[PDB]
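Scroll down for the structure; my scribbles are underneath it.
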Amino acid sequence: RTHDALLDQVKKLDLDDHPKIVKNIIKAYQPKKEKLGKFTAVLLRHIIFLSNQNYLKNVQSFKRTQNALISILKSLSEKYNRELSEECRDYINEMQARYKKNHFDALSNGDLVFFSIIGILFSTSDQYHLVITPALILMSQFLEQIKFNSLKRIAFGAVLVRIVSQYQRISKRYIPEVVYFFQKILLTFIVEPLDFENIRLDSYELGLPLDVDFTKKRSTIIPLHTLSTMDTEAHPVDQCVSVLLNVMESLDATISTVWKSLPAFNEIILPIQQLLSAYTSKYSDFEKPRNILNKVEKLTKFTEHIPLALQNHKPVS
Amino acid sequence: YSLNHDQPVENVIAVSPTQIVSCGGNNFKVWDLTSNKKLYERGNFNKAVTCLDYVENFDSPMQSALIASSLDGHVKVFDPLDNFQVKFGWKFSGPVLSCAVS
Amino acid sequence: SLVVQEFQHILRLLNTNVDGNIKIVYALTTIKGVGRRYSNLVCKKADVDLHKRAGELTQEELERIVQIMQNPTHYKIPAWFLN
Amino acid sequence: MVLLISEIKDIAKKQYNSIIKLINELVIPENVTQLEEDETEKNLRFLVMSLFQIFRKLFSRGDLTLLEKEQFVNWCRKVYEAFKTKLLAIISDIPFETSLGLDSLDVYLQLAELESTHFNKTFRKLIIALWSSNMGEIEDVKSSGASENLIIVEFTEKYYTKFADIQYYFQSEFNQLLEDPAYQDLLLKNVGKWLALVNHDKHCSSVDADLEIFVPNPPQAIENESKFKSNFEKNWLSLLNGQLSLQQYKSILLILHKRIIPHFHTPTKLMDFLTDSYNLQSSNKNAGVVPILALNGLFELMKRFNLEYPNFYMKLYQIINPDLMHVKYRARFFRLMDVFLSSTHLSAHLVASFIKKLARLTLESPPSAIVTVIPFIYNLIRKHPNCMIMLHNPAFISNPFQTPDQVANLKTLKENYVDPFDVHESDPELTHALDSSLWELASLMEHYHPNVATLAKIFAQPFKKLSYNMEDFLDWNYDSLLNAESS
Amino acid sequence: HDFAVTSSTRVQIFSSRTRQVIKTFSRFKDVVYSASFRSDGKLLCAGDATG
Amino acid sequence: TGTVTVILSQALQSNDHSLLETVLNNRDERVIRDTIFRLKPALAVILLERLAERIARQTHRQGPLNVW
């Protein structure tokens with residue numbers, strides 16, 4: 001509890017599936033300020049470390065102890081916010097130093113799960129925050145500055161898109177970078193071209209050919225990121241169509257929460273519109289693209305599409 | 001009635017009772033109002049022509065003189081008597097904006 | 001058919017916000033601390049045309065006025081003209 | 001070891017014969033360096049460095065001191081042999097040997113000083129050695145820079161950036177060596193070496209500062225600045241005609257925009273190079289971004305001398321793209337865009353085309369590029385308020401104090417409305433962008449970031465001022481925004 | 001014997017035999033746009049930048 | 001390559017005599033060949049006419065202008 005490595009060694013000398021209970025007992029003893037602050041420190045860093053190391057255990061032996069650790073984190077976060085925000089800031093600093101030393105080679109699924117637990121835990125609907133908005137622009141720079149050339153980076157972007165979809169289903173804001181991410185991933189999926197050279201994708205090796213059944217028993221989102229992003233170098237067409245429908249479902253979710261309220265959804269969606277019309281003219285059996293075009297056609301028929309009243313204010317007395 | 005100068009015309013001068021000059025863009029088109037049509041056109045200018053003037057019936061071998069300056073120091077003298085043919089030219093270094101003749 | 005040229009509005013000078021749309025002598029008067037004849041002599045030592053507005057007078061002439069007015073003894077201004 | 005023993009012997013010292021033997025040892029040190037190419041005396045070369053220091057001290061003593069034909073010939077030959085050993089050590093050093101490299105260069109410099117005060121040929125042999133040198137990390141650094149050498153970059157940053165007389169004789173001997181047909185091809189191979197030798201901003205035609213003098217007697221290196229610029233222009237035209245690549249191409253375009261034009265004489269040949277560079281449009285995603293600095297050079301040339309480029313703003317409409325937002329030169333390109341659009345003869349169609357293109361760009365553009373593009377749109381509408389109708393039409397807004405006839409007419413007008421803007425039309429006068437409003441600026445109002453959102457509120461509120469300080473709100477980045485938000 | 005020229009917030013009338021600044025109109029606020037005499041050679045009109 | 005093509009065509013579209021002098025001052029034969037490779041035919045015709053009148057006005061100038 002006094003040191004990160006020390007308490008990690010304690011938990012590991014115990015048992016990682018029972019380290020939750022051991023740390024809970026230790027925390028209960030300590031609770032029965034500085035001790036629990038250092039415990040929050042080691043518990044954050046230790047669950048991020050565990051998410052970096054191992055996910056071989058299943059939902060009935062790993063997700064349950066991870067959610068128990070998450071509940072302990074909920075308790076210590078309802079009790080403490082200053083030390084948690086402070087080490088959150090130090091985590092911003094260390095992951096930014098990691099990025100500037102290695103643009104891609106110093107990131108983590110632990111940082112992804114750190115972002116998701118911040119999004120679940122904090123008042124994400126706040127406009128300005130000492131933790132959220134730094135983490136918000138970190139997630140932006142993370143999804144944008146990565147040279148998208150491989151499916152593990154595509155899945156990194158997918159889970160970032162899911163987290164900001166939660167962010168903007170509770171906060172309802174807009175990201176030009178998630179628009180750019182959607183267009184870039186669609187173009188690198190259908191690069192296999194003549195209609196989009198402004199998107200500036202990175203890699204000319206992966207595509208989407210015409211040998212998919214796209215059934216329901218065909219792979220859904222089912223995001224086991226700590227395993228799927230580590231085995232996605234083996235590339236079947238089914239993993240590609242699952243991550244394609246994953247980013248498509250998060251795309252449709254972001255639409256249905258915020259982009260219907262976005263006033264320029266028409267001109268936001270036009271490059272995506274030409275991309276999806278190319279999808280339908282290329283494959284001619286895509287029902288979720290068909291539903292998306294139907295929803296956006298309803299939105300074009302429903303929106304005002306009228307010149308605005310921006311420079312209209314009341315006369316001064 | 002109107003007559004089309006496609007590039008932005010920046011000067012119009014009734015050179016004669018029957019002819020007018022549209023001085024705009026790179027070239028300039030000299031029209032006639034009675035025939036409602038461009039009699040001639042000259043595109044011998046480097047940049048966009050910025051000014052044009054006309055002087056007539058004065059003490060000179062050339063009776064009618066048409067000056068046009070075109071944003072280079074480049075002013076050029078034609079004459080409608082010779083179907084707006086190149087007769088003279090001066091060049092000042094800075095891009096000229098306005099020229100005028102006594 | 002572009003053309004380029006060499007204007008400033010209400011503008012700051014010695015932490016005083018004076019306009020560029022008046023005469024320059026009286027702009028330096030409304031700079032607090034110095035008056036009519038002081039501003040006139042400062043313009044005469046800065047060697048500017050006293051009929052331009054302060055929307056004119058590019059920044060090199062401006063900083064010439066600044067350095068002359070803030071080093072006044074070093075530009076032959078006599079002590080009896082000094083405050 | 002044996003080198004140190006020979007050093008001590010030569011220091012204590014038929015003294016001429018002993019010095020000749022020591023020089024023979026220091027010339028066999030070239031063979032030692034050849035063995036060092038395999039392994040620098042078990043990867044250290046301390047003995048080699050000691051022998052080099054010994055040879056330097058010996059050359060110093062020889063220059064201070066020395067049948068006069070035979071004696072002087074032996075002395076000059078020993079000095080030349082030491083210099084040639086140093087030059088060959090600098091030349092054949094494919095192995096990255098910092099200490100040995102520094103020793104060779106310092107010995108060459110000392111011998112050069114001694115020759116200039118005692119004996120140009122030594123200099124051209126030196127440059128031939130430095131340019132026959134090559135390394136793997138030196139050849140075509142593609143991420144940034146020109147050539148990440150060791151010996152020529154250290155020779156530049158502590159030898160070339162100090163002495164203007166060496167700069168003059170440097171460029172004149174480069175002219176001679178380019179008229180030399182084989183070393184012309186040597187330069188054509190080492191195009192990047194001169195590039196990393198020339199980006200250091202402190203050359204002779206830069207009269208902003210003064211350079212010190214190496215030789216105690218300069219042989220008229222102040223003869224003519226136009227002669228200096230003639231050497232400059234000849235070397236530069238030869239290198240721009242020979243063996244160009246993409247990263248070196250971007251580097252020479254940067255040095256051309258910022259540093260070359262005070263040192264140059266022939267801007268017409270520069271204009272031809274620059275218009276080829278600006279009309280360079282290919283399917284290469286890395287070479288499609290050259291027109292930014294190409295247009296920078298073309299426009300500063302057009303300002304210096306009245307030259308032209310037909311359909312200028314049409315080409316600017318063609319060159320505005322999101323790849324400009326993705327490349328890191330958009331700050332200086334937006335400086336260029338400001339001095340482009342500050343003309344008082346542009347029209348409503350032009351400013352509407354450019355503002356609608358930038359509106360789709362801020363619809364899909366990163367937030368650093370958003371905080372670049374807000375001040376330009378603000379100052380553009382401020383300079384030409386003839387397009388406030390697209391920010392709000394007077395006919396589409398409503399009011400209770402009007403008749404039901406005009407109510408129904410407004411309803412039917414809002415039904416028969418259609419957005420008539422065309423993106424694919426390349427003529428900015430022909431793009432009907434006057435009727436299309438900015439729902440994309442309404443989305444910028446519905447942005448996510450607080451500072452960007454407040455700049456959008458500045459857009460929405462009525463335009464009260466006109467001085468927005470584009471340079472202050474011009475250079476921002478993700479890391480800079482992180483630093484500002486943490487501070 | 002005279003001609004007018006527009007300039008920075010200023011209208012200047014020059015003579016011909018001397019080629020010198022004869023008259024200076026500086027009652028303006030911002031830069032003038034046009035200067036044109038009448039056929040009677042007495043009135044000049046000055047288009048300014050305030051409408 | 002290092003040509004002077006657009007400056008030649010610009011002078012010939014607007015016959016500036018100072019610009020024609022400064023663009024005929026050069027004598028590099030590769031640049032001459034590359035220009036009249038990448039020049040227009042009728043513009044080269046009027047360039048030959050300008051060459052003739054310049055040689056006739058200054059026969060001393062015709063030296064480097066003899067290969068043009």
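Following the order of the structure tokens, chains are lettered A, B, ..., residues in each are numbered from 1, and ligands are numbered from 1.
Non-sequential neighbours of region 177-193 of chain D (distance at most 6 Å, separation of 3 or more positions within a chain, only C-alpha atoms) are residues 146, 147, 173, 174, 196, 242 and 243 of chain D.
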Selection from above, N, CA, C and O atoms, as a PDB file, in the first residue's frame, can you write it?
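File selection01.pdb, as written:
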ATOM      1  N   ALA D 146      18.182  16.795 -43.970  1.00  0.00           N
ATOM      2  CA  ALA D 146      18.720  16.507 -45.291  1.00  0.00           C
ATOM      3  C   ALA D 146      19.674  15.320 -45.273  1.00  0.00           C
ATOM      4  O   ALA D 146      19.469  14.346 -46.003  1.00  0.00           O
ATOM      5  N   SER D 147      20.716  15.377 -44.448  1.00  0.00           N
ATOM      6  CA  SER D 147      21.666  14.278 -44.337  1.00  0.00           C
ATOM      7  C   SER D 147      22.214  14.268 -42.921  1.00  0.00           C
ATOM      8  O   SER D 147      22.959  15.174 -42.538  1.00  0.00           O
ATOM      9  N   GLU D 173      35.443  27.258 -55.045  1.00  0.00           N
ATOM     10  CA  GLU D 173      35.949  25.925 -55.309  1.00  0.00           C
ATOM     11  C   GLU D 173      34.838  24.926 -55.594  1.00  0.00           C
ATOM     12  O   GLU D 173      35.085  23.948 -56.301  1.00  0.00           O
ATOM     13  N   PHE D 174      33.621  25.144 -55.086  1.00  0.00           N
ATOM     14  CA  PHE D 174      32.510  24.294 -55.514  1.00  0.00           C
ATOM     15  C   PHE D 174      32.157  24.542 -56.976  1.00  0.00           C
ATOM     16  O   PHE D 174      31.812  23.603 -57.701  1.00  0.00           O
ATOM     17  N   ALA D 196      22.517  19.855 -46.022  1.00  0.00           N
ATOM     18  CA  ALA D 196      22.791  19.957 -44.593  1.00  0.00           C
ATOM     19  C   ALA D 196      23.949  20.899 -44.293  1.00  0.00           C
ATOM     20  O   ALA D 196      24.078  21.363 -43.155  1.00  0.00           O
ATOM     21  N   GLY D 242      20.383  18.431 -60.972  1.00  0.00           N
ATOM     22  CA  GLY D 242      20.872  17.084 -60.752  1.00  0.00           C
ATOM     23  C   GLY D 242      20.296  16.352 -59.554  1.00  0.00           C
ATOM     24  O   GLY D 242      20.453  16.790 -58.411  1.00  0.00           O
ATOM     25  N   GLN D 243      19.634  15.218 -59.827  1.00  0.00           N
ATOM     26  CA  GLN D 243      19.384  14.128 -58.870  1.00  0.00           C
ATOM     27  C   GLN D 243      18.568  14.588 -57.656  1.00  0.00           C
ATOM     28  O   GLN D 243      19.063  14.694 -56.531  1.00  0.00           O
TER      29      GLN D 243
END
Chain D residues near chain C (9 Å cut-off, only C-alpha atoms) as a PyMOL selection string: chain D and resi 339-346+467
Excluding residue 256 (chain D) and any residue of its chain fewer than 5 positions from it, enumerate the residues within 9 Å of it, using only C-alpha atoms, and give them as a ChimeraX atom specification. /D:251,261,297
Based on the selection just made, write N, CA, C and O atoms of those residues as a PDB file, in the first residue's frame.
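This went into selection-v4.pdb:
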ATOM      1  N   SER D 251      13.091  20.252 -48.629  1.00  0.00           N
ATOM      2  CA  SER D 251      14.089  21.021 -47.888  1.00  0.00           C
ATOM      3  C   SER D 251      14.645  22.171 -48.721  1.00  0.00           C
ATOM      4  O   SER D 251      14.837  23.281 -48.204  1.00  0.00           O
ATOM      5  N   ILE D 261      16.951  33.580 -51.219  1.00  0.00           N
ATOM      6  CA  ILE D 261      16.699  34.813 -51.969  1.00  0.00           C
ATOM      7  C   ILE D 261      17.464  36.063 -51.512  1.00  0.00           C
ATOM      8  O   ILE D 261      17.607  36.981 -52.332  1.00  0.00           O
ATOM      9  N   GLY D 297       7.141  30.667 -52.660  1.00  0.00           N
ATOM     10  CA  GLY D 297       8.216  31.212 -53.472  1.00  0.00           C
ATOM     11  C   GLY D 297       7.712  32.013 -54.658  1.00  0.00           C
ATOM     12  O   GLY D 297       8.227  33.099 -54.948  1.00  0.00           O
TER      13      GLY D 297
END
Can I get the residues of chain D within 7 Å of chain F, each with the closest pair of atoms and their distance in Å to one decimal, using only C-alpha atoms, sorted chain first then ascending number, as a tab-separated table?
residue	atom	partner	partner_atom	distance
D:241	CA	F:1	CA	5.5
D:269	CA	F:2	CA	6.1
D:272	CA	F:4	CA	6.0
D:273	CA	F:2	CA	6.3
Hey, can you spit out that residue selection with N, CA and C atoms as a compact mmCIF listing (two decimals), in the first residue's frame?
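Generated file (out.txt):
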# COMPACT_ATOMS: atom_id res chain seq x y z
N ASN D 241 19.31 20.98 -60.99
CA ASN D 241 19.20 20.19 -62.21
C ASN D 241 19.57 18.73 -61.99
N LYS D 269 15.25 32.34 -63.53
CA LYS D 269 15.46 30.90 -63.48
C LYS D 269 14.82 30.33 -62.23
N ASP D 272 11.13 29.95 -63.16
CA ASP D 272 10.86 28.76 -63.96
C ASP D 272 10.88 27.51 -63.10
N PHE D 273 11.87 27.40 -62.20
CA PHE D 273 11.89 26.30 -61.25
C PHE D 273 10.65 26.31 -60.36
I'd like the interatomic distance between CA of residue 483 (chain D) and CA of residue 97 (chain A), to a tenth of an Å. 12.8 Å
Using only C-alpha atoms, which chain D residues lie at most 6 Å away from chain A, written as a PyMOL selection string? chain D and resi 364-365+391-392+437+439-440+443+447-448+460+462
Give me the residues within 12 Å of residue 67 (chain C) as a PyMOL selection string, counting only C-alpha atoms and dropping any in the same chain fewer than 4 places off. chain C and resi 13-14+42-43+45-46+60-63+71-75
If the cut-off is 9 Å, can you tell me the residues of chain F near chain B, counting only C-alpha atoms? I'd like them as a ChimeraX atom specification. /F:10-11,13-16,18
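For the atom pair formed by CA of residue 25 (chain F) and CA of residue 12 (chain F), the distance is 15.8 Å, given to one decimal.
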Can you list, as a PyMOL selection string, every residue of region 1-78 of chain C that DSSP puts in strand (DSSP E or B)? chain C and resi 11-13+16-18+23+53
Using N, CA and C atoms, can you export the residues from the last selection as a compact mmCIF listing (two decimals), in the first residue's frame?
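This went into result_32.txt:
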# COMPACT_ATOMS: atom_id res chain seq x y z
N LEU C 11 -5.76 52.59 -31.59
CA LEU C 11 -4.53 51.84 -31.45
C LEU C 11 -3.82 52.25 -30.18
N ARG C 12 -3.07 51.32 -29.61
CA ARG C 12 -2.42 51.53 -28.32
C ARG C 12 -1.02 52.08 -28.53
N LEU C 13 -0.58 52.93 -27.60
CA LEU C 13 0.74 53.53 -27.65
C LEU C 13 1.09 54.06 -26.27
N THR C 16 -1.55 53.93 -23.81
CA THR C 16 -2.64 54.87 -24.05
C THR C 16 -3.29 54.49 -25.37
N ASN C 17 -4.62 54.42 -25.37
CA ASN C 17 -5.34 53.97 -26.55
C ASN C 17 -5.85 55.21 -27.28
N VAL C 18 -5.11 55.65 -28.29
CA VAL C 18 -5.45 56.85 -29.04
C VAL C 18 -5.93 56.43 -30.42
N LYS C 23 -5.61 64.00 -36.14
CA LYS C 23 -4.29 64.52 -36.46
C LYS C 23 -3.28 64.03 -35.43
N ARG C 53 -2.82 61.51 -40.83
CA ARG C 53 -3.53 60.99 -39.67
C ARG C 53 -2.71 59.90 -39.01
At most 10 Å to chain C: residues in chain E, only C-alpha atoms, as a list in words: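 Those within range of chain C come out as residues 8, 9, 10, 26, 29, 30 and 31 of chain E.
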Neighbours of residue 123 (chain A) within 10 Å (only C-alpha atoms; same-chain residues fewer than 5 positions away dropped), as a list in words? residues 118, 129, 132, 167, 170 and 171 of chain A
Near residue 195 (chain A), within 10 Å and counting only C-alpha atoms, which residues show up once chain neighbours fewer than 3 positions away are dropped, as a count of residues only? 6
What are the closest atom pairs, with distances in Å to one decimal, for each residue of chain B lying within 9 Å of chain C, using only C-alpha atoms, rows by chain and rising residue number, as JSON lines?
{"residue": "B:8", "atom": "CA", "partner": "C:1", "partner_atom": "CA", "distance": 8.9}
{"residue": "B:25", "atom": "CA", "partner": "C:1", "partner_atom": "CA", "distance": 7.2}
{"residue": "B:26", "atom": "CA", "partner": "C:1", "partner_atom": "CA", "distance": 8.7}
{"residue": "B:47", "atom": "CA", "partner": "C:1", "partner_atom": "CA", "distance": 7.6}
{"residue": "B:48", "atom": "CA", "partner": "C:1", "partner_atom": "CA", "distance": 5.4}
{"residue": "B:49", "atom": "CA", "partner": "C:1", "partner_atom": "CA", "distance": 8.3}
{"residue": "B:50", "atom": "CA", "partner": "C:1", "partner_atom": "CA", "distance": 8.5}
{"residue": "B:71", "atom": "CA", "partner": "C:3", "partner_atom": "CA", "distance": 8.5}
{"residue": "B:95", "atom": "CA", "partner": "C:3", "partner_atom": "CA", "distance": 8.5}
{"residue": "B:97", "atom": "CA", "partner": "C:3", "partner_atom": "CA", "distance": 8.8}
For residue 280 (chain A), please output as a ChimeraX atom specification all residues within 9 Å (counting only C-alpha atoms; exclusion window: fewer than 6 positions along the same chain). /A:286,289-290
Counting only C-alpha atoms, which residues in chain D sit no more than 9 Å from chain B? For each one, give the nearest pair of atoms and the distance in Å, sorted by chain then residue number, as JSON lines.
{"residue": "D:305", "atom": "CA", "partner": "B:93", "partner_atom": "CA", "distance": 8.5}
{"residue": "D:306", "atom": "CA", "partner": "B:72", "partner_atom": "CA", "distance": 6.6}
{"residue": "D:307", "atom": "CA", "partner": "B:47", "partner_atom": "CA", "distance": 8.7}
{"residue": "D:308", "atom": "CA", "partner": "B:47", "partner_atom": "CA", "distance": 7.2}
Selection file, C-alpha atoms, as a short mmCIF file (atom, residue, chain, number, x, y, z; two decimals), in the first residue's frame:
data_model
loop_
_atom_site.label_atom_id
_atom_site.label_comp_id
_atom_site.auth_asym_id
_atom_site.auth_seq_id
_atom_site.Cartn_x
_atom_site.Cartn_y
_atom_site.Cartn_z
CA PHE D 305 9.35 41.53 -59.55
CA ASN D 306 6.04 41.84 -61.34
CA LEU D 307 5.52 38.34 -62.71
CA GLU D 308 2.28 36.49 -63.27
#
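With only C-alpha atoms as the atoms that count, the residue of D:24, D:281, D:171, D:217 with the shortest distance to residue 231 (chain D) is D:171.
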Return as a VMD selection string the full set of residues in region 4-61 of chain F whose backbone-based DSSP assignment is alpha helix (DSSP H). chain F and resid 5 to 13 17 to 24 29 to 37 41 to 57
Output file for the selection above: N, CA and C atoms, as a CSV table (one decimal), in the first residue's frame:
chain,number,residue,atom,x,y,z
F,5,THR,N,11.1,29.3,-70.3
F,5,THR,CA,10.0,29.2,-71.3
F,5,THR,C,8.9,30.2,-71.0
F,6,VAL,N,8.4,30.2,-69.8
F,6,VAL,CA,7.2,31.1,-69.5
F,6,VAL,C,7.6,32.5,-69.6
F,7,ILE,N,8.8,32.9,-69.3
F,7,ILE,CA,9.2,34.3,-69.4
F,7,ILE,C,9.4,34.7,-70.9
F,8,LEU,N,9.9,33.7,-71.7
F,8,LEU,CA,9.9,34.0,-73.2
F,8,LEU,C,8.5,34.2,-73.7
F,9,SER,N,7.5,33.3,-73.3
F,9,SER,CA,6.2,33.4,-73.9
F,9,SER,C,5.5,34.7,-73.3
F,10,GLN,N,5.8,35.1,-72.1
F,10,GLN,CA,5.2,36.3,-71.5
F,10,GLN,C,5.7,37.5,-72.2
F,11,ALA,N,7.0,37.6,-72.5
F,11,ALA,CA,7.6,38.7,-73.2
F,11,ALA,C,7.0,38.8,-74.6
F,12,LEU,N,6.8,37.6,-75.3
F,12,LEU,CA,6.2,37.6,-76.6
F,12,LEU,C,4.7,37.9,-76.6
F,13,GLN,N,4.0,37.6,-75.6
F,13,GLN,CA,2.6,38.0,-75.5
F,13,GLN,C,2.5,39.5,-75.2
F,17,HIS,N,10.5,45.3,-74.1
F,17,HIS,CA,11.9,45.3,-74.6
F,17,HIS,C,12.9,45.2,-73.6
F,18,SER,N,12.7,45.7,-72.4
F,18,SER,CA,13.7,45.5,-71.3
F,18,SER,C,13.7,44.1,-70.8
F,19,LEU,N,12.5,43.4,-70.8
F,19,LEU,CA,12.4,42.0,-70.4
F,19,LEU,C,13.0,41.1,-71.5
F,20,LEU,N,12.8,41.5,-72.7
F,20,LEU,CA,13.4,40.8,-73.8
F,20,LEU,C,14.9,40.9,-73.8
F,21,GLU,N,15.5,42.0,-73.4
F,21,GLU,CA,16.9,42.2,-73.2
F,21,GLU,C,17.4,41.3,-72.1
F,22,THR,N,16.7,41.3,-71.0
F,22,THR,CA,17.2,40.6,-69.8
F,22,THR,C,17.0,39.1,-70.0
F,23,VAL,N,16.1,38.7,-70.9
F,23,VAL,CA,15.9,37.2,-71.2
F,23,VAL,C,16.8,36.8,-72.4
F,24,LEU,N,17.3,37.7,-73.2
F,24,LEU,CA,18.3,37.3,-74.2
F,24,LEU,C,19.7,37.5,-73.7
F,29,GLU,N,23.4,27.0,-73.9
F,29,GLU,CA,22.8,26.3,-75.1
F,29,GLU,C,21.8,25.3,-74.7
F,30,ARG,N,22.0,24.6,-73.6
F,30,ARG,CA,21.0,23.6,-73.1
F,30,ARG,C,19.7,24.3,-72.8
F,31,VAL,N,19.8,25.5,-72.2
F,31,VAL,CA,18.6,26.3,-71.9
F,31,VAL,C,18.0,26.8,-73.1
F,32,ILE,N,18.8,27.2,-74.1
F,32,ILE,CA,18.2,27.6,-75.4
F,32,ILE,C,17.4,26.5,-76.1
F,33,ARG,N,18.0,25.3,-76.1
F,33,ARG,CA,17.4,24.2,-76.7
F,33,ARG,C,16.1,23.8,-76.0
F,34,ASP,N,16.2,23.8,-74.6
F,34,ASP,CA,15.0,23.5,-73.9
F,34,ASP,C,13.9,24.5,-74.0
F,35,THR,N,14.2,25.8,-74.1
F,35,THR,CA,13.2,26.8,-74.3
F,35,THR,C,12.5,26.6,-75.6
F,36,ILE,N,13.2,26.6,-76.7
F,36,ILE,CA,12.6,26.4,-78.0
F,36,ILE,C,12.1,25.0,-78.3
F,37,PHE,N,12.4,24.1,-77.4
F,37,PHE,CA,11.6,22.9,-77.3
F,37,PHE,C,10.3,23.2,-76.7
F,41,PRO,N,4.8,27.5,-81.4
F,41,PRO,CA,5.4,27.8,-82.7
F,41,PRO,C,5.2,29.2,-83.2
F,42,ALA,N,4.0,29.8,-83.1
F,42,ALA,CA,3.9,31.1,-83.6
F,42,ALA,C,4.6,32.1,-82.7
F,43,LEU,N,4.6,31.8,-81.4
F,43,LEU,CA,5.4,32.7,-80.5
F,43,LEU,C,6.9,32.6,-80.8
F,44,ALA,N,7.4,31.4,-81.2
F,44,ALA,CA,8.7,31.3,-81.7
F,44,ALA,C,8.9,32.1,-83.0
F,45,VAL,N,7.9,32.2,-83.8
F,45,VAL,CA,8.0,32.9,-85.1
F,45,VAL,C,8.2,34.4,-84.8
F,46,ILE,N,7.3,35.0,-83.9
F,46,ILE,CA,7.5,36.4,-83.6
F,46,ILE,C,8.8,36.6,-82.7
F,47,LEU,N,9.2,35.5,-82.0
F,47,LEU,CA,10.5,35.6,-81.4
F,47,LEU,C,11.7,35.7,-82.4
F,48,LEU,N,11.6,35.0,-83.5
F,48,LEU,CA,12.6,35.1,-84.6
F,48,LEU,C,12.5,36.5,-85.2
F,49,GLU,N,11.3,37.1,-85.3
F,49,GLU,CA,11.2,38.5,-85.8
F,49,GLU,C,11.9,39.4,-84.9
F,50,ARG,N,11.7,39.2,-83.6
F,50,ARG,CA,12.3,40.1,-82.6
F,50,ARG,C,13.8,39.9,-82.5
F,51,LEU,N,14.3,38.7,-82.7
F,51,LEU,CA,15.7,38.4,-82.9
F,51,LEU,C,16.3,39.2,-84.0
F,52,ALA,N,15.6,39.2,-85.2
F,52,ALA,CA,16.1,39.8,-86.4
F,52,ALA,C,16.2,41.3,-86.1
F,53,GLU,N,15.1,41.9,-85.6
F,53,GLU,CA,15.2,43.4,-85.4
F,53,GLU,C,16.2,43.8,-84.3
F,54,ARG,N,16.4,42.9,-83.3
F,54,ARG,CA,17.5,43.2,-82.3
F,54,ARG,C,18.9,43.1,-82.9
F,55,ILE,N,19.1,42.1,-83.8
F,55,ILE,CA,20.4,41.9,-84.4
F,55,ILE,C,20.6,43.1,-85.4
F,56,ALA,N,19.6,43.5,-86.1
F,56,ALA,CA,19.7,44.6,-87.1
F,56,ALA,C,19.9,46.0,-86.3
F,57,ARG,N,19.3,46.1,-85.2
F,57,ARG,CA,19.6,47.4,-84.4
F,57,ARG,C,20.9,47.4,-83.8
